[PDB]
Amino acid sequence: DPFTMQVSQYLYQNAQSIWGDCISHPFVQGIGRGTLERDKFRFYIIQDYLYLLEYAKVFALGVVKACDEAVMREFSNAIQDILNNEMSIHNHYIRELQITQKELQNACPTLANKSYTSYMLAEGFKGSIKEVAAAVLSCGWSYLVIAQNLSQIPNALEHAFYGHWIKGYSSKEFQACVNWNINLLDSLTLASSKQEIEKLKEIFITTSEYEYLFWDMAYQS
């Protein structure tokens, strides 16, 4: 440090154009202003519940491929925030849109949803803990910069309905999760070759592409 290349910053820069497209996407801008049609948001949070279920499985690969109790613990904690969290952003909107437990059980993921979660899983499974750390990063990191951007429109945070979502993904606690993921990737890659770095960049960019397509399909509901 700090005359040395940081791989997280390198991945960040390569994903900027894509995350900018996510920020100005009609679905996301709809959340910021408060104009997004309420059933389009409903469709999204159902799809996102399904998405989060598969996302948890990638973190579980983290537990298996981590060789360090502390990082196993960190991956295990991330799974709990998805599965055992009645305070989570998702369980808030589930009761606000009065979505039934049977509707959740009966819902099908869209192709765009399946493709994304398959990609993270398959790359996790073909690689090591570096690939799992890189595969899960776009999702949290992009949601953070999206929410920090939306966090000033203004009235975006004060919105009676959509305020909770923007506040949730911009909170100090969610920041700490993204920071953990960033730090983990940086600490795992100190000795990585140029070719390895390019592999991780490719994963990070691909998942960023999937995020854009996820917002798209949520809007095209």
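In case it trips you up, residue 1 is the first one in the sequence shown, and so on.
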(message) Mean Cα B factor from the PDB record: higher for 121 to 129, or higher for 82 to 90?
(response) 82 to 90
(request) On mean C-alpha B-factor from the PDB entry, just flag whether 170 to 178 or 55 to 63 is the higher one. (result) 170 to 178
(request) By the entry's C-alpha temperature factors, tell me which of 111, 139, 104, 134 sits highest. (result) 104
(request) Would you mind checking where the Cα B-factor of residue 7 ranks among the modelled residues of its chain, as the lowest, middle or highest third? (result) lowest
